[PDB]
Structure formats: structure tokens, C-alpha cells
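**Student:** Sending over a structure as C-alpha cells; questions will come in a sec.
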Amino acid sequence: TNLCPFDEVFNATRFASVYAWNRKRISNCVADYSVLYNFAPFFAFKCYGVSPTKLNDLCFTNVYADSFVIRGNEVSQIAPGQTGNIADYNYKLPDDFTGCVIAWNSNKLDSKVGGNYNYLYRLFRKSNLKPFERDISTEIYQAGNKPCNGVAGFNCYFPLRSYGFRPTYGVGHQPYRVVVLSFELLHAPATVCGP
Amino acid sequence: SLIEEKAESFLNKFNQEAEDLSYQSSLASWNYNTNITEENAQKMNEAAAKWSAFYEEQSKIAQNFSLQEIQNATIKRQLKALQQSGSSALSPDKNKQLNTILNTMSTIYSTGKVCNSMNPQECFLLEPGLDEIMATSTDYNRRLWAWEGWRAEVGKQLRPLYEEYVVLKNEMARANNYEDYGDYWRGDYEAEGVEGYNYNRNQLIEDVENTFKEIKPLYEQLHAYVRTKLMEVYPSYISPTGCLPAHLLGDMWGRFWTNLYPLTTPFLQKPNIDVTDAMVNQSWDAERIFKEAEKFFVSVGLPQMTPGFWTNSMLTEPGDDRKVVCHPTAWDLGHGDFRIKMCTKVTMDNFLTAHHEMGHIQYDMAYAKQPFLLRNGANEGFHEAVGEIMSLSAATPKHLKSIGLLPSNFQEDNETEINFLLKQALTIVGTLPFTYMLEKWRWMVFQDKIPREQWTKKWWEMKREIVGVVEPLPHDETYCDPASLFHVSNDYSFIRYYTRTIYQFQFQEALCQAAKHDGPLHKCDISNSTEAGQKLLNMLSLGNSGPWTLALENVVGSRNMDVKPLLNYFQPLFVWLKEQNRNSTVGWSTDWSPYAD
Ligand SMILES: *[C@@H]1O[C@H](CO)[C@@H](O)[C@H](O)[C@H]1NC(C)=O
Ligand SMILES: [Zn+2]
């Protein structure tokens, strides 16, 4: 057998920021759901378009794993058909989504006394993001008629901002890790199957 | 339109920066308070400096947006709150002069010393010796000379400074488009917004006046009961048909009348209710008091404490090589962190104080979801009103029976109820008119109404007219009596106590009638009532977003304050006082003077 690698997505030391999430494609391997239940808490485990109960009979062509780190309050915004900051400027899911969203706490590893300022999120954008689209541009935002001309100031702002987690914040502001599994069945031989 | 988006973006950036900056400053402050060290004080200083500078810069830059152009009913309030930082709208020289004089007044009040005529070696300070001698003494002469020395030392050094502080404060207020400084203080209570709940500053005086007209009939009766009793200790001095001496009220300024209790207690046969012996026998712990308080708070449906509350907050004295200033406080450091600091001891007073602080924490948790600039109370007195009503509900005898400290077969006696009501009256009704009169005097002096050369005479004329306190010695115009109080010398407002006293009894009556209770109002509990918790939480979560009139209508159902609940609360005491005072007279005359022959 050739087991699908559900280790780099669930045991990785470092996770990327929201505005540049990590995408991994997997095919032609053996998928097992027992490895998925590797962590006891599973604060959020929500599945759309598939049976949450054990269903390995269905075989798909491609499986996509999208990983990032968000706050506790924004976990409810990773859903099909939601409005907000993260769901409108950072990461958007379509209405025909068929997959599963998993979110679990990571305070013990992503919190420092001084503050972890590596994680970032985008705050200003001209137009809402299309589904499954990422933006990594860092031009200076311009909300005014006067041209900004490449310098911050009045009515000129820098898009990206930092979280800065600490290990005494509340449960709602603690760092959480989110992984989304998407299943795609294109016109191709079936590759991903069960044991 | 085009400006709404700009205002929204500016507010978003301001909130994003302000949350982190305020959390850093508050964390540094708590770190200093937990352990006193020069390093902690320094770190607190640089923590506060950056916050002040950023706030000043944001307030300066926020004025570029016109108020009338925008309309959102939520952005306008935030921008108005941010722009109202005109304390810097003065020329720098006047700013330095005002800061220097404020520092000088505060320091000279802190370092005040009074020495004895017989021997200049002792020179008693305020905290070590003056308070205790003013609280638990009996000799007339010692109180008289201590009072006179304190008043002289304070006034002769504080009058000229206050005379110039007033002018600079008036200039500062006028630089911010205000009539005077009294308007600046009264601008906290102004509520503008949806139609029907509009509140103007100028009404705040008139309403207060009306309230006083319903407190006088009860207060006078109390003034009788003390007076006769005060003639037992001091036979020759106090006259039946006159007022009361200033230094015989049991306190340095006569603000509270609690210390008169051992001399004016009605019944000496049985003591009050103290369950400290039950706690000692039952082997209670500091954590148990807070657990019981949390259980009481949960019993009405309010959310329980966070799992960081027990781990982070300190609830017991360290008892080792650590230095902590002892004062019960509730800290809302931001970013969903809440703490209480308290030198907990096994005694009923600490139990009630824990209830008060937990009420503060519950309110802070309740209004957390609002934006940063509106993350405060509706007015000044709401926090303390909530704390007081929680303490009053927690201190009842039936609650103590339910806990188990008191025996099940209890025979409550009416005399104990009368004693408790007398203590509560001495705590509240004794201090209400003093607050009213001091606030009125300050309001009149700021409005350029009372002349510069008739300050003390008018002060004592009002003191003899309203409260009924007569000076034992005559004071020349060089003295400055009002400067002897902490709030006057340190530039704090004073009407918040009056407003909180009015509000707390309305809240108590509303929660009691929502809790399906009948009978006397001083035996009521809000416990085991989800309706009362829902009614309270419907208001506790509004915060500063809307006018306080809407919140008050949500709680009690009235647009304005009322004083009838206090009278309903104290009705049995009023009846007993009228019953006892048939022989004596009611009221005082302004003709008496003790030093006059
Ligand atoms: C995988 O997760 C657990 C965490 O305790 C542990 O086996 C190890 O630290 C992680 N990494 C591996 C096995 O490479
Ligand atoms: Zn308090």
C-alpha cells in the first residue's frame, strides 16, 4: 500500500499566514481517516457535501489541503457564504463547496511572552476576493482622490497588519490552526481511494 | 459617501493600534502593581508615554473630518469622542504653569503636617494619628484643636494656589468651546441621539434640586436622633434648638456619619449579625469565598469566570519577600483578560468586597463586544451601582441561612432590622447633602458668580443653611476650607456619588419586583431568578454605544432618575424615628453660634 501523507499538514512545525495560505495537492495514494483523529480537542470539525460519519467508499481524483493560522473568533468565518474581514479579503470559499474544515487550538506553540509578530493579515482591499484566490501584493492602499504616490500618510495606509499573540490573552484571541480538505473529481481515472 | 469610507478606514486603523497599545500599557501597570521596583515604575512610565503620544497624535489628525458631513449613528459618536481632547489647546507656557501648580497643590496636600502646642516633637501626620483621633475619641478639646490646626495649615497654604488654578481651568474650558469648566464637567451626562431620549447639560442641576426636596423630610429626622444622643456625651455645648458642631460629627470633614454608631446605637441588648465565627469554625479558605460568589452570580444566569481568572489574578497576600500596595481592585486589561487584586482575609467585609469586585468584572465582561472607543459605562455611577446592588443582595440574612453559616432555626427580630437600617442611613443619608453642597459650591465658584472676596463666608452660610453644621471658631477670609478635601485639591468630580446613590435603589427595586418578592424591601434577594439576570444583562452589554436614558428605560422603565425607592427602603426607619422623636423638636435655626456669647 501507499498511504497518503497526512503528516506534513497536521504535524508541521510552522504554519503560513492567512493572506498566503499553504496549498498541497495529493492523488494516487491511500487515504485513511484514522490518522486524521490524531488530536483530542478538535474545537471545530465541520463537513459539507460529504457524510461526517465514516465514509471511505467514495473515491476522488484530487484532494487539496489548505492550511493557515487564524484567531478564535474568525473560525466561524471559514464557511461557505459568510461575510467578514478574513472571508472577504484573505480567504474565500464557494457556495458549491464539498469538503471539511478542521480547527484546533495552538496556544502552547504559537504564543510568546514578548509577542509573535510573524503572523499577518490583510486589512484593506479594493474589491472582494474570488473563491480560491490569493493575493500577496503589498502596494500602498489609496482611499482618497489625491494620488498617494508611493508614500504613507493621510488617507494612505499599509494593508498588512500583525496579530501579536500572547499567552495570557483570552480563548477568543488565542491562536488557532485551520486545515481545509477539498475533494475534486475531474474527468480522469480515479486515484484517491480507501485502504 | 466619499467621506464615510475614509472615516471607517481611519477608525479601523485607530482601533487596531489602540488595542495593542492599551494592552501593553495595562500589562506594564499591573506588572508594577504586583511587585514594586524602580524597574517596574520605569517600564510603566515608558508604557504610558507612548500611549499618551499616540492618543494626542490621533486626536490631532482626526479633526480633518467634519462632523456634519458624516452620518452613521455609530461613526459620529466615535469621532466625537476621539476629537474631545482639547486639553492641549492652550499656549505651552500656561500648560506648564497649570501642571506646576497642580503638582504643587497635590504635593503640599500629601506632605501636610500639624504639630502640638504643648510639645513640637510629635507633629502628627494625617494617616498616622489624625484619622484615628477624629474617629474614636471623646474629648472635646482635642478634636477642636486638631480640626483648627488642620484647617489653618491647609487653607493658609492652598488659598492663593486655588485662586489661580480656577482662572487657568476656566481658560482651558473656554478654549474648547465651553461656557465654563462646570459645563465641562457636566458634559459627561449629556445624551444626544434618537428622538425622545435627548438630555441637555443644564437640566442636570434642576433635576438634582428636585431630588433633594424629597430627601430633606427624612434627613432632618436623623439630625434629631443624633443630636439628642450627642447631648449625652457633651452636655454643655450642643443646644437642643441649634445645629451641630463641625468636629463632633465623627470625621475630619464630616462626610460620613458611620463612626457615630457606638454612641447612637438604639438597642444594646443584642449585637449585630457577624458570621465570622461561623467561617472560623467551619474552616473556610480565601478561594471558598470567591467560589461562593461565583456560584451566586451563576445562580441568576450570568456567565462564569474565565479559565485565566484563577491562574493569573492574585487573591491572597503573597506572605513572603514581595511588596504589594493593598487595595481591592478589578482590572480589565483588554484582549479578553480579567483580574481581581485583593488582600483577602476571613471576614465578612472581604466577602462583600469580593462580591463588589466580581460585579465589576461581570460588567466589564458584558460590555466587551463593543468597539474600543465605546467600551465604557453609560455614565459614572453605573459600575458602583452594580457593585452596591450585588453586595446588598448578597448580605441578606436569608442568603446566609441558605449558605449554612447561620442556623436553620432562626428567629429574626425587628430590632436588628432597625439597627441595620440605622447603619445604612448613617452611611448614605449622612453623606448625600454634603456631596450636593460641595458640588453646588464648586459650580457657583467656577461660573464667575461668587466674588473673589466672599468665598468662605458663603461656604459656611450654605453649610449652616442646607446641612446644618455651624463653625466652632470664626474663620477670616484668608482661610480656604474647601481645599481640605482630596477631590477638591486633586481635581476630581464629586456628583458621581450622588448619581450612583440614586441609581442603585432604583436598580434594586426593579430587580426585586422582577424576582417575585413581597414584604419589606431590605430582605430581598435576586438569587434564583433568571428573569432578573436577563433584565440586567440586557443593559450591561450596551456599554457607551447609546444614550444612558435608553439603558435606564431598559432596566427600570423611566427616562429620568427618581428618589422614591430610597424612601420606600427606609420607611420603617422613618416610622421609628417619628415614633421616638415626639418630645424633641425637628429642624435647626441658623442664629446659634458656639463661639459667640
Ligand atoms: C508529530 O507529533 C507528535 C507531537 O507530540 C510527535 O510525534 C512529534 O513531535 C511530531 N513530529 C514528528 C513525529 O515528526
Ligand atoms: Zn467598585
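**Student:** Hey, what's the Cα Rg ratio for chain B versus the globular rule of thumb, 2.2 N^0.38 Å?
**Tutor:** Dividing the Cα Rg of chain B by 2.2 N^0.38 Å gives 1.03.
**Student:** Same structure, new question: Which order do the peptides B:45-51, B:511-517 take when ranked by the mean count of other beta-carbon atoms within 10 Å per residue, highest first?
**Tutor:** Per-residue mean Cβ counts within 10 Å order the peptides as B:511-517, B:45-51.
**Student:** Could you estimate the translational diffusion coefficient of region A:1-138 from the Stokes-Einstein equation, with Rh from the Kirkwood formula over C-alpha pairs, at 37 °C and 0.692 mPa s, in whole µm²/s?
**Tutor:** 197 µm²/s
**Student:** Also, I was wondering about something else. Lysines near B:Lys43 by alpha-carbon distance under 18 Å, same-chain residues fewer than 8 away left out - which ones?
**Tutor:** List returned: B:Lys323.
**Student:** On to the next question. Looking at region B:203-288, which trypsin sites (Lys or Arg not before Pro) are in a loop (DSSP not H, G, I, E or B) and have at most 11 other Cβ atoms within 10 Å?
**Tutor:** Here the sparse-neighbourhood loop sites are B:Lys213.
**Student:** Per the helix-only calculation at 222 nm, which mean residue ellipticity applies to the protein assembly as shown, given -39500 (n - 2.57) for every DSSP H run of n ≥ 4 and division by its residues, nearest 500 deg cm²/dmol?
**Tutor:** -13000 deg cm²/dmol
**Student:** Tell me which GluC sites (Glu not before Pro) from region B:161-249 have a DSSP coil assignment and no more than 10 other beta carbons within 10 Å of their own.
**Tutor:** B:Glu195
**Student:** So what is Rg over Rh here for region B:274-388, counting just Cα atoms and using Kirkwood for Rh?
**Tutor:** Across region B:274-388, the Cα-based Rg/Rh ratio is 0.98.
**Student:** Still on this model: How long are the semi-axes of the equivalent ellipsoid of region B:423-557, defined as square roots of 5 times the Cα gyration tensor eigenvalues? Whole Å, largest first.
**Tutor:** For region B:423-557, the semi-axes come out at 40, 19, 11 Å.
**Student:** Provide, as a two-decimal number, the C-alpha radius of gyration of the protein assembly as shown over 2.2 N^0.38 Å, N being how many residues it has. All intermediate terms of the calculation are to be shown ahead of the outcome.
**Tutor:** Working: Rg = 32.3 Å, N = 792, 2.2 N^0.38 = 27.8 Å.
Scaled against compact globular proteins, the figure is 1.16.
**Student:** List the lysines whose Cα sits under 19 Å from the Cα of B:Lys113, skipping any in the same chain fewer than 8 residues away.
**Tutor:** Cα-Cα hits under 19 Å: B:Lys156.
**Student:** Would you tell me the mean number of C-beta atoms belonging to other protein chains that fall within 10 Å of each C-beta in A:161-171, as a whole number?
**Tutor:** Average neighbour count from other chains, rounded to a whole number: 5.
**Student:** A follow-up question, please. How many angstrom lie between the C-alpha centres of region A:78-116 and region B:211-247?
**Tutor:** So the two Cα centres are separated by 69 Å.
**Student:** Here's something else I'd like to know. Determine the alpha carbon to alpha carbon distance for each of B:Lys169/B:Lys463; B:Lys270/B:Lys401; B:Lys423/B:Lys457; B:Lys401/B:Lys535; A:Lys92/A:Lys126 and list only those over 23 Å.
**Tutor:** Too far apart for the 23 Å limit: B:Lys169/B:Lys463; B:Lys423/B:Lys457; B:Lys401/B:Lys535.
**Student:** Kirkwood hydrodynamic radius for region B:176-295: how many Å is it when counted over pairs of different Cα atoms?
**Tutor:** This gives a value of 20.2 Å.
**Student:** Please order A:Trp104, B:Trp548 by the number of other Cβ within 10 Å, starting at the fewest.
**Tutor:** Ascending Cβ contact count within 10 Å gives the list A:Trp104, B:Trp548.
Read the figures in this text as sums done on the coordinates, not as results from a lab. Every residue, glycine as well, gets a Cβ built from its backbone with ideal geometry; the counts of neighbours run over all protein chains shown.
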